[PDB]
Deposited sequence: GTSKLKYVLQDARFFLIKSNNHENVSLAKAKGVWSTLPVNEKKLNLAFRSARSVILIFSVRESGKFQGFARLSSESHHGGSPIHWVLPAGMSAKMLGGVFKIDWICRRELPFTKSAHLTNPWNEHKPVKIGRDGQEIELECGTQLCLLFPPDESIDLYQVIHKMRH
């Protein structure tokens, strides 16, 4: 069902995460962790204190898809990431704990009807790493993903 999912997304904040490679998203799915650039790290730490749920929606660049979404369970704290060209390791030192809500893919073709008011009403697939997605758009985007029946949202609801 979708009732527990809708409960978790209630009054949530949503952020687009753009990863340069699949390996880091796979590692995030395996380890329950994410790290971002300092500008976005600051934004996510503010958001974590501000909302009942902060949802990260992941997309690997050039994949044409989202790879899933997860809820922050912590602020950043100080993994074996693969870093972009010129991207170093100290720029990714803050580590957030995350609980996955959906590890399934969604192709961009399926979200073409969703625009993001916080990015000039461009299609929600468009945006830089860290772009906030307005509540209604983000909720509908997360509801488009195939259900992930390997995940039990009961423990996620208890974190809240």
Open item on the list: Comparing the deposited sequence against the modelled residues, what ranges come up empty for C-alpha?
Closed with: 79 to 82, 165 to 166
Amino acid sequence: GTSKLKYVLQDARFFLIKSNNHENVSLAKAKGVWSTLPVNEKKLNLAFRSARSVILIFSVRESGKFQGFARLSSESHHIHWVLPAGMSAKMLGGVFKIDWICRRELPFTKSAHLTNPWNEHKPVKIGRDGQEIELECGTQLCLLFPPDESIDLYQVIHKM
From here on, numbers count along this sequence of modelled residues.
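Throughout, rigid core stands for the largest set of C-alpha atoms superposing within 1.5 Å between the two forms.
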TODO: On a core superposition, give the stretch, 34 to 42 or 53 to 61, with the larger average C-alpha separation from this form in 8 other deposited structures of this protein (RMS over structures and residues).
DONE: 34 to 42
- [ ] Check the entry's C-alpha temperature factors for 151 to 159 and 4 to 12, then say which stretch has the higher mean.
- [x] 151 to 159
TODO: May I ask you to compare 137 to 145 and 19 to 27 by their mean CA B factor in the entry and name the higher one?
DONE: 19 to 27
Task: Among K43, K125, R104, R61 - the residue whose C-alpha B-factor is largest in the record - done: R61
TODO: Pick out which of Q67, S111, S50, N116 has the highest C-alpha B-factor in the PDB entry.
DONE: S50
Open item on the list: Based on the deposited C-alpha B factors for this chain, I'd like to know if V39 is in the lowest, middle or highest third.
Closed with: highest
Task: B-factor third for the C-alpha atom of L56 within its chain - done: lowest
